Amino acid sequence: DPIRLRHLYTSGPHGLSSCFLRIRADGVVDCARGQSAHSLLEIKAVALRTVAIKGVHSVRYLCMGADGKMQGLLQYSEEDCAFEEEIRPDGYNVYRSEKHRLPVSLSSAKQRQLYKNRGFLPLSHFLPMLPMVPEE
């Protein structure tokens, strides 16, 4: 199916923390305060509900490593960079990794303990936002 250019938005319960998934040139994955060139992602279907996410600007694939820690890799590998896209009741998406048994998330090392301490991960629900300006 068609390719999608979007900005993945998430936030904490307070709301004051607006976070757009950003893939940096140095391979780091963090939170951007608003839509930017580093947060513009290319979401491509690889299988049924499975997708690959690539930073348009950094040209790095969103990949999952140890503990579900996210990073941007220049080289794509299905097992670490392909995720099952699922819509949640809140209308946001969760991107799950089969191999790592965890959803993509911008949670910190300390926050990741909540996946088995409460059964969830902070900053793991993402709403694909269309860019505020046409682009392709």
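In case it trips you up, residue 1 is the first one in the sequence shown, and so on.
Peer 1: Read off the CA B-factors in the entry, average them over 23 to 31 and over 107 to 115, and name the higher stretch.
Peer 2: The stretch with the larger mean CA B-factor is 107 to 115.
Peer 1: Looking at the entry, does 7 to 15 or 124 to 132 show the higher mean C-alpha B-factor?
Peer 2: Between 124 to 132 and 7 to 15, it is 7 to 15 that shows the higher mean C-alpha B-factor.
Peer 1: Choose from 43, 47, 59, 62 the residue with the greatest Cα B-factor as stated in the PDB record.
Peer 2: Of 43, 47, 59, 62, 47 has the highest C-alpha B-factor.
Peer 1: If you check the C-alpha B-factor for each of 97, 71, 36, 93 in the entry, which is highest?
Peer 2: Among 97, 71, 36, 93, the highest C-alpha B-factor in the entry belongs to 36.
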